[PDB]
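Just one chain is shown here, as structure tokens, and it is the form deposited in one PDB entry.
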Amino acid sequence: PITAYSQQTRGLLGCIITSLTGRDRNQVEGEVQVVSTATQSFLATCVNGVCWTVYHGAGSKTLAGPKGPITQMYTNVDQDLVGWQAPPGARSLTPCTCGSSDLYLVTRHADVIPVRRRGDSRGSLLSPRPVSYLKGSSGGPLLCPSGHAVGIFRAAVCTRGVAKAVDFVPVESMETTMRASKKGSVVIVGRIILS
């Protein structure tokens, strides 16, 4: 069912300047936004109109947006989780409600990697890959077979440079951060379309 492809929209130049100005008037499209500070790149996934990514990529940094920089609405260092108001045009994934243990991690290179959930915030890859297959995909989505968000990719367990299992912030942890709330900008340099 689940397939994906990537689209690069900027170079490092556009990125650098966008970061400095915090002003991105490119058209936002897709559910998964390929994201970057000037010095490191990772993914940001959208759920419930909020654009979620990891703190170990974003920091407390703002998001470059059409009317200037967007301050983080949510920030949870303990859960390695931040979130901005999703910019106009960005599609939002719906949270999973079926309880499927068969998860699908989508990577920055638009690979769809099977995972079996074996814990609340953790699961094993059905076939190990070199860690390069995952690196730079933090803040990417884990999807159930219906393509609903179960959680966002946070870390991976590896040995001898081969990743055997993953760690993610579940979608429930987001609801808990959301309720509990109640120099450079991060830049959208591409996206990953789903289906």
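In this text, residue numbers run from 1 along the sequence as written.
The next section is about a form of this same protein that is not shown, the form deposited with a partner chain bound.
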query = Are all three residues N48, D102 and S138 in contact with its partner chain in the bound PDB entry, where contact means a non-hydrogen atom within 4.5 Å?
reply = no
message = Can you tell me if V106 lies within 4.5 angstroms of its partner chain in the bound PDB entry, counting non-hydrogen atoms only?
response = yes
inquiry  = Residue-level contact is defined here as any heavy atom of the residue lying within 4.5 Å of its partner chain in the bound PDB entry; does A58 satisfy this criterion?
reply    = yes
query = Would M73 sit within 4.5 Å of its partner chain in the bound PDB entry, counting heavy atoms only?
reply = no
query = Is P95 close enough to its partner chain in the bound PDB entry to count, meaning some heavy atom within 4.5 Å?
reply = no
